[PDB]
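Protein chains in written order, with the deposited numbering: chain E, 3 to 256; chain H, 3 to 256; chain G, 2 to 256; chain F, 2 to 256. Built from N, CA and C at the ideal position, the CB exists for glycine as well.
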Ligand SMILES: NC(=O)c1ccc[n+]([C@@H]2O[C@H](COP(=O)([O-])OP(=O)(O)OC[C@H]3O[C@@H](n4cnc5c(N)ncnc54)[C@H](OP(=O)(O)O)[C@@H]3O)[C@@H](O)[C@H]2O)c1
Ligand SMILES: NC(=O)c1ccc[n+]([C@@H]2O[C@H](COP(=O)([O-])OP(=O)(O)OC[C@H]3O[C@@H](n4cnc5c(N)ncnc54)[C@H](OP(=O)(O)O)[C@@H]3O)[C@@H](O)[C@H]2O)c1
Ligand SMILES: NC(=O)c1ccc[n+]([C@@H]2O[C@H](COP(=O)([O-])OP(=O)(O)OC[C@H]3O[C@@H](n4cnc5c(N)ncnc54)[C@H](OP(=O)(O)O)[C@@H]3O)[C@@H](O)[C@H]2O)c1
Ligand SMILES: NC(=O)c1ccc[n+]([C@@H]2O[C@H](COP(=O)([O-])OP(=O)(O)OC[C@H]3O[C@@H](n4cnc5c(N)ncnc54)[C@H](OP(=O)(O)O)[C@@H]3O)[C@@H](O)[C@H]2O)c1
Ligand SMILES: CCCc1ccc(Oc2ccccc2)c(O)c1
Ligand SMILES: CCCc1ccc(Oc2ccccc2)c(O)c1
Ligand SMILES: CCCc1ccc(Oc2ccccc2)c(O)c1
Ligand SMILES: CCCc1ccc(Oc2ccccc2)c(O)c1
Ligand SMILES: N[C@@H](CCC(=O)O)C(=O)O
Ligand SMILES: N[C@@H](CCC(=O)O)C(=O)O
Ligand SMILES: N[C@@H](CCC(=O)O)C(=O)O
């Protein structure tokens with residue numbers, strides 16, 4: 003039960019967004035929710051998706067995580083508007099189609115560094131700024147994918163960016179640990195989202211989960227959200243630097 | 003919230019048992035609990051310990067996991083007295099005192115095989131039998147330790163038994179996934195229990211966690227119980243074959 | 002990599018297709034003295050005939066059933082008296098009943114489960130205790146594992162747990178024997194057509210999946226395992242211990 | 002092994018203490034032709050003096066700052082023009098500011114963080130792409146990593162996240178290049194006193210912990226890394242790819 007908890011959720015773009023799954027779960031358990039977005043188009047969808055939630059107040063903030071000024075000023079606004087928070091759900095990644103849909107060995111330097119900037123660095127800076135709003139401690143969760151642990155066809159530059167993110171989670175847990183701030187990841191199975199449309203062969207992946215994973219079915223955004231809720235609450239006290247695979251057991255087999 | 007849920011908890015010996023930490027957390031959450039024990043002293047103990055719980059009635063069953071018949075018959079009786087269950091928490095392990103200090107290379111065939119029997123195989127047989135009481139699906143959770151993953155000083159034969167258990171967990175996940183039975187492990191931090199006294203240089207471990215793990219403190223039984231609640235509930239619906247470390251982040255550092 | 006003046010004990014040759022015969026060809030080709038242990042008389046007979054492919058000037062053959070403390074204890078004792086001190090051991094032994102290597106892992110029997118732990122993991126612990134006695138200046142022990150010890154692989158069932166056990170055995174043996182300068186390591190071989198492979202349900206489609214999916218897009222062979230064994234048993238791998246090296250065309254690295 | 006008639010590229014020798022020089026001593030001792038790349042004018046000076054310890058009939062030296070695409074592309078193209086096709090590349094290159102390295106990891110600047118990814122990870126990707134044109138019939142690429150890419154190690158900070166990146170880079174490069182028969186691997190070295198070690202806070206206390214705790218109860222050296230590189234770079238390790246071999250006295254295996 004999360005009444006009188008406030009969580010910031012970053013990276014809802016639409017109703018299929020994994021972080022909207024997180025939102026519905028957290029809202030149902032009584033949280034106050036603050037949302038951040040990048041595109042105009044995404045603020046519009048958030049305003050519409052808010053009608054399905056129980057939030058009596060719309061707390062929306064533009065934060066493009068490529069800009070230090072925007073993350074710093076964003077979290078500062080959030081602190082002035084709603085006070086201290088209890089956690090952040092990070093659901094942000096990006097890479098070019100142009101590098102994604104090409105050999106990994108042909109990835110461009112700007113492509114590679116772009117994906118690292120948005121998909122991994124962004125957590126470090128978010129954590130630094132959110133830490134300011136968690137003087138009593140709290141919890142930070144980022145969304146990763148199995149392709150950060152193993153080479154997966156076509157995930158390419160994004161696999162390297164998730165490996166980097168997963169380590170970022172471990173170094174931040176060590177660092178922020180003494181401040182009672184836990185940092186973890188959920189390694190989500192494949193889910194039809196907007197971003198999923200730029201992974202070559204996504205449908206083939208989806209079906210192979212169905213055929214092969216222990217549970218013989220894919221997961222959805224709400225199941226990510228239910229585990230998010232575990233990690234962001236005191237239930238997962240004593241759990242930090244961890245990666246939870248929410249993926250039908252797929253990670254455990256070969 | 004676990005009202006209208008029934009769980010079998012194996013391996014309470016005394017107030018300090020990790021499984022009592024589980025009992026307290028589930029009991030708080032409104033579950034019906036069934037207990038299994040090995041020796042009669044754990045029974046009296048247990049009868050006195052359920053005075054703390056809000057369990058309206060004592061459901062206790064002697065099961066030695068070394069006996070197929072005791073596992074088979076015991077779960078059969080559980081079904082008869084209580085009907086279908088929702089999950090099993092496994093908190094059971096044994097090695098001989100001498101095999102837990104000095105030199106692993108000197109471990110006896112009998113001691114090695116004994117620790118495998120009780121600490122790993124017992125989970126295979128329990129799963130098979132408990133599955134009968136879970137036609138709609140359910141959740142099995144076993145307790146492991148970081149030594150199944152890295153060679154830890156002194157843990158010796160138990161670390162090879164844990165490594166066995168952790169793969170047991172993965173093979174049961176794959177097998178019982180199509181029946182909607184999830185199987186996971188909690189890798190608990192060091193905790194002062196009755197079995198913990200059998201381990202050479204326990205105290206030193208305890209202190210090194212406080213010094214070196216991200217949270218700079220030890221975990222307790224209730225922290226394991228809280229994550230047990232997650233694994234045993236629908237909150238963890240898409241998670242199977244997983245191992246969650248409830249250990250202050252210690253697994254994540256070196 | 003020259004191993005003249007070196008002596009190795011190779012445990013678990015049953016025929017020409019055995020992984021250990023790959024090792025033997027490689028170590029022999031490199032000048033090592035080789036000493037062979039076997040279980041069934043038929044394996045010995047197969048050793049006697051396969052030795053005439055090697056440039057070993059004599060046959061050192063010892064019957065060791067790793068289920069028996071006496072036979073391991075006495076076989077190594079005897080090996081030491083015949084050839085002297087050794088440089089290392091290559092362990093290539095495992096066993097499970099067929100009745101437990103298909104269908105449902107949740108149906109494994111206790112005796113089937115403990116049998117596979119005994120032969121396939123414990124044997125390494127007692128072999129290393131006895132072999133230490135012949136390596137007063139240090140040495141190298143290498144065991145043979147498979148991916149299925151790390152991940153649940155269809156049909157490998159009771160063996161995957163035995164291998165998970167083995168891989169942890171290697172780690173604990175590494176820790177405990179390091180101060181004595183004995184390295185302990187594991188080679189994780191990809192699927193190879195052997196006599197024990199015949200017991201693993203689905204083996205053909207596992208061979209074929211490696212071919213289609215593994216980075217090198219081909220299967221590996223016993224000599225490849227041998228070349229990595231040569232590295233692991235020799236001073237080329239000083240500093241390396243408690244390690245698991247995958248000789249599997251890269252399959253472990255992909256999902 | 003034996004590496005006569007083979008040609009390797011070694012990137013990242015600054016002085017006699019560099020890991021890459023250990024690699025070079027071993028490969029040179031084994032008969033390989035060696036070609037050397039460097040960034041600072043000082044590193045070329047050191048290389049010219051270190052070449053005297055080696056049996057290289059010719060100095061083949063090339064300035065390549067891996068921050069510049071044109072330098073990597075041009076350098077490797079000149080290498081192909083001077084020495085022909087090559088058999089592999091040893092990559093021993095990393096960098097992070099002291100200023101990000103010695104603050105809380107959560108205080109890492111964006112600039113610092115991306116610099117470290119560029120130099121320490123991305124560089125492998127473009128090296129491999131350029132190196133591949135000189136490997137029409139296959140070859141081997143080895144990069145250098147540290148346990149701190151697998152676990153959070155105190156003070157290693159921004160370099161751990163860049164090693165985690167480098168290690169994924171290896172697997173992805175492994176899968177992509179497998180079918181060209183180029184293998185890609187990492188050596189996870191234990192702590193060795195070198196010029197770069199001086200930027201990692203707490204370094205001596207880390208050395209000491211290895212001594213007191215690593216199974217072999219001792220630290221390793223540059224030459225041990227190079228013996229494992231010779232293995233990875235030779236046909237000894239055919240079948241082996243996307244692998245991370247720890248040359249660290251067994252410390253990765255313990256808690
Ligand atoms: N779908 C899957 O199968 C899968 C599996 C495992 C992990 N994940 C991870 O889950 C997370 C969420 O992705 P998703 O699948 O839910 O796709 P999504 O709905 O497309 O969400 C991705 C989000 O990233 C935000 N974003 C990208 N660049 C940003 C920037 N520079 N500044 C601020 N926000 C930025 C986008 O915002 P704008 O649209 O406003 O630009 C968008 O809301 C990602 O980290 C993804 O890698 C996805
Ligand atoms: N304490 C820790 O730091 C720690 C950390 C990580 C993991 N663990 C794991 O947590 C689990 C519980 O141990 P604990 O620390 O809570 O100590 P504990 O209270 O002493 O519990 C061990 C339990 O195992 C039971 N048991 C042993 N052999 C049995 C058999 N043949 N049949 C039925 N039950 C048997 C014992 O029952 P009887 O006394 O009735 O024989 C006892 O109740 C174990 O699996 C252990 O490996 C402990
Ligand atoms: N082929 C593969 O794809 C594969 C892959 C990875 C790992 N491995 C591993 O490689 C090793 C060798 O197996 P393999 O594939 O080479 O097939 P193999 O030729 O059948 O070798 C198996 C050996 O184990 C021996 N053995 C069984 N129980 C024994 C006992 N109690 N005492 C002494 N020896 C015993 C057998 O001896 P007897 O015939 O005399 O009984 C036989 O020589 C095993 O550890 C296996 O698990 C195999
Ligand atoms: N020493 C250890 O304890 C340790 C442990 C594990 C892994 N490693 C790794 O081993 C590798 C070698 O480092 P080391 O310890 O040998 O220290 P080192 O002697 O200082 O070597 C580092 C090398 O990196 C090169 N380099 C840095 N930036 C470059 C760039 N932008 N373009 C081209 N070259 C560049 C340096 O060249 P210039 O001097 O010309 O600038 C130098 O030759 C690194 O990848 C390091 O992460 C070291
Ligand atoms: C099979 C891939 C599963 C997956 C789907 C969508 C994912 O989201 C992305 C992908 C690329 C760029 C930005 C976000 C993802 O990370 C992982
Ligand atoms: C320091 C090891 C932490 C730990 C404490 C108690 C543990 O429980 C045991 C130990 C030995 C035999 C049977 C059960 C354990 O597995 C692990
Ligand atoms: C795909 C399976 C690869 C493999 C083949 C043979 C193997 O050897 C066995 C198998 C079962 C029992 C005893 C020894 C193996 O371990 C692994
Ligand atoms: C304990 C640290 C071991 C180690 C020492 C030196 C290392 O090389 C570096 C470190 C930081 C920046 C640039 C190169 C290293 O990667 C790892
Ligand atoms: N392959 C993608 C879409 C088209 C493509 O890139 O091949 C998919 O099926 O998900
Ligand atoms: N094709 C496999 C599956 C049959 C089985 O073993 O049950 C085999 O013949 O080994
Ligand atoms: N002691 C450090 C330098 C100073 C620090 O620890 O911050 C070293 O070994 O490089």
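For a contact meaning CB atoms closer than 8 Å, what does residue 311/H contact in chain G?
-> Since the first and last residues shown for chain H are 3 and 256, residue 311/H lies out of range.
Verify the contact flag: residue 68/F, CB atom, against every heavy atom of ligand 4, threshold strictly below 7 Å.
-> For this step, residue 68/F is matched to residue 67 along the fourth chain. At least one heavy atom of ligand 4 sits closer than 7 Å to the Cβ of residue 68/F.
When you compare each of 256/G, 255/G, 229/G to residue 21/G by their alpha carbons, which one comes out closest?
-> As a working mapping, residue 21/G is identified with position 20 in the third chain. Taking only the C-alpha atoms, the option nearest residue 21/G is 229/G.
By DSSP, does residue 141/E sit in helix, in strand, or in coil?
-> By 1-based counting over the first chain, the position of residue 141/E is 139. Strand.
Roughly how far, in whole angstroms, is the beta-carbon of residue 170/F from the beta-carbon of residue 135/F, given that I think they are within contact range, below 8 Å?
-> The residue you call residue 170/F lines up with position 169 of the fourth chain. The residue you call residue 135/F lines up with position 134 of the fourth chain. With a contact defined as Cβ atoms closer than 8 Å, residue 170/F and residue 135/F miss out at about 20 Å.
When the Cα of residue 61/F is compared with those of 191/F, 51/F, 67/F, which residue comes out closest?
-> Here residue 61/F is taken as the residue at index 60 of the fourth chain, counted from 1. Cα-wise, what sits closest to residue 61/F is 51/F.
Check each residue of the stretch 230-251 of chain E: if its Cβ is closer than 8 Å to any Cβ of chain H, include it; give the result in chain order.
-> So the list reads 231, 232, 236, 237, 238, 239, 240, 241, 242, 243, 244, 246, 247, 248, 249, 250, 251, given in the order they occur along the chain.
Got a sec? Which residues, its chain only, sit under 8 Å from residue 206/H by beta carbon, not counting five neighbours each side?
-> Within the second chain, numbered from 1, the residue matching residue 206/H stands at position 204. No residues qualify anywhere along the chain.
Is the closest heavy atom of ligand 3 to the C-beta of residue 150/E under 7 Å?
-> Along the first chain, read from residue 1 onward, the residue named residue 150/E stands at position 148. Distances taken from the Cβ of residue 150/E to the heavy atoms of ligand 3 include none shorter than 7 Å.
Alpha-carbon spacing of residue 204/G relative to residue 198/G, whole angstroms = Translated into positions along the third chain, residue 204/G becomes position 203. Translated into positions along the third chain, residue 198/G becomes position 197. Using only the alpha carbons, I get a separation of about 7 Å.
Say the cut is 7 Å; is the CB of residue 73/H nearer than that to a heavy atom of ligand 7?
-> Residue numbering aside, residue 73/H sits at position 71 when the second chain is read from its first letter. At a threshold of 7 Å, residue 73/H does not count as near ligand 7, since its beta carbon sits no closer than that to any of the ligand's heavy atoms.
Local conformation of residue 122/H per DSSP, three classes | By one-based count along the second chain, residue 122/H stands at place 120. Reduced to three states, the DSSP call for residue 122/H is helix.
Pull out every residue of the stretch 168-191 of chain G whose Cβ sits closer than 8 Å to any Cβ of chain H, in chain order.
-> Only those residues of the stretch 168-191 of chain G whose C-beta falls short of 8 Å from the nearest C-beta of chain H are listed: 168, 169, 170, 172, 173, 174, 175, 176, 177, 178.
Within 8 Å of chain F by C-beta, residues of the stretch 106-138 of chain E in sequence order | Hits within the stretch, in order: 106, 107, 108, 109, 111, 114, 115, 118, 119, 122, 123, 126, 127, 129, 130, 133.
Closest residue to residue 13/E among 210/E, 143/E, 103/E, 235/E (Cα-Cα distance) | On the first chain, position 11 is the one that residue 13/E refers to. Taking each of 210/E, 143/E, 103/E, 235/E in turn and checking the Cα distance to residue 13/E, the smallest one comes out for 143/E.
If you measure from the CB of residue 13/E, is any heavy atom of ligand 1 nearer than 7 Å?
-> Here residue 13/E corresponds to residue number 11 of the first chain, with the count starting at 1. Flag set: Cβ of residue 13/E near ligand 1.
Looking at the structure shown, is residue 232/G part of a helix, part of a strand, or coil, going by DSSP?
-> Position 231 of the third chain, counted from the start, is the residue given in the question as residue 232/G. Helix, per DSSP.
Cβ-based neighbour list, residue 106/H, same chain, cut-off 6 Å, excluding 5 preceding and 5 following = For the purposes of this step, residue 106/H is identified with residue 104 of the second chain, where counting begins at 1. Around residue 106/H: 158.
Closer than 7 Å by beta-carbon distance: list the chain G residues that pair up with residue 153/H, in chain order.
-> Numbered from its first residue, the second chain carries residue 153/H at position 151. Going along chain G in sequence order, the residues near residue 153/H (Cβ under 7 Å) are 172, 173, 175, 176, 243.
For residue 221/F, the first and last residue of its enclosing alpha helix (DSSP H) = For the purposes of this step, residue 221/F is identified with residue 220 of the fourth chain, where counting begins at 1. Secondary structure note for residue 221/F: it is in no alpha helix (DSSP H), with a DSSP letter that is neither H nor E.
Taking 8 Å as the CB-CB limit, is residue 5/H close to chain E?
-> Stepping through the second chain from its first residue, residue 5/H is reached at position 3. No, its Cβ sits nowhere closer than 8 Å to a Cβ of chain E.
State yes or no: is the C-beta of residue 251/H within less than 8 Å of the C-beta of residue 216/H?
-> Position 249 of the second chain, counting from 1, holds the residue named residue 251/H. Position 214 of the second chain, counting from 1, holds the residue named residue 216/H. Yes, these two residues count as a Cβ contact at 8 Å.
So which residues of chain G does residue 83/H contact, with C-beta pairs closer than 9 Å?
-> Within the second chain, residue 83/H is the residue found at index 81, counting from 1. In chain order: nothing, as chain G lies at least about 24 Å away.
Measuring only between beta-carbons, confirm whether residue 70/G sits less than 8 Å from chain H.
-> By one-based count along the third chain, residue 70/G stands at place 69. By this cut-off, residue 70/G is an interface position.
Would you grab the beta carbon distance between residue 4/H and residue 48/H for me? Rounded to a whole angstrom, and I think it's under 8 Å.
-> As a position in the second chain, residue 4/H is number 2, starting the count at 1. As a position in the second chain, residue 48/H is number 46, starting the count at 1. Contact flag wrong, Cβ pair sits at about 20 Å.
Taking only the alpha-carbon atoms, compute the straight-line gap between residue 184/E and residue 248/H and give it to the nearest angstrom.
-> Within the first chain, residue 184/E is the residue found at index 182, counting from 1. Within the second chain, residue 248/H is the residue found at index 246, counting from 1. Residue 184/E and residue 248/H: Cα-Cα distance of roughly 12 Å.
Ends of the alpha helix (DSSP H) at residue 277/H?
-> Nothing can be reported for residue 277/H, as the shown portion of chain H is limited to 3 through 256.
Cβ-Cβ separation, residue 55/H to residue 83/H (assumed contact under 8 Å), whole Å = Your numbering for residue 83/H matches position 81 in the second chain. Your numbering for residue 55/H matches position 53 in the second chain. Contact check for residue 83/H and residue 55/H: beta-carbon distance about 18 Å, past the 8 Å limit, so the pair fails to qualify.
Cβ-based burial, residue 70/G [other Cβ within 10 Å; buried from 16] = If you number the third chain from 1, residue 70/G lands on position 69. If you draw a 10 Å sphere on the C-beta of residue 70/G, you find fewer than 16 other C-beta atoms in it, and that means exposed.
Alpha carbon to alpha carbon, what distance is there between residue 23/F and residue 222/F?
-> Mapped onto the fourth chain, residue 222/F falls at position 221. Mapped onto the fourth chain, residue 23/F falls at position 22. Computed Cα separation, rounded: 8 Å.
Own chain residues within Cβ distance below 6 Å of residue 174/G, not counting five before or after = Here the question's residue 174/G lines up with position 173 in the third chain. Scanning its chain for C-beta atoms nearer than 6 Å, with the 5 sequence neighbours on each side dropped, one finds around residue 174/G the residues 129, 185, in chain order.
Could you give the uninterrupted runs of the alpha helix (DSSP H) lying entirely in the stretch 68-119 of chain G, keeping only those of 4 residues or more?
-> As far as the stretch 68-119 of chain G is concerned, its whole alpha helix (DSSP H) runs of at least 4 residues are 70-84, 111-118.
Compare the C-alpha of residue 65/F against each of 212/F, 131/F, 101/F, 58/F and name the closest.
-> As a first step, residue 65/F is located in the fourth chain; it is residue number 64 there, counting from the start. Across the set 212/F, 131/F, 101/F, 58/F, the C-alpha of 131/F shows the shortest separation from the C-alpha of residue 65/F.
Cβ of residue 205/H versus every heavy atom of ligand 10: is any distance shorter than 7 Å?
-> In the second chain, residue 205/H corresponds to position 203, counting from 1. For residue 205/H, the distance from the CB to the nearest heavy atom of ligand 10 is not below 7 Å.
Is residue 160/G buried or exposed, if buried means 16 or more other CB atoms sit within 10 Å of its CB?
-> Residue 160/G sits at position 159 when you count from the first residue of the third chain. It is buried - the Cβ of residue 160/G has at least 16 other Cβ atoms within 10 Å.
When the cut-off is 8 Å and only beta carbons count, does residue 148/F lie next to chain G?
-> As a working mapping, residue 148/F is identified with position 147 in the fourth chain. For residue 148/F, the answer is no, since every Cβ of chain G falls outside 8 Å of its Cβ.
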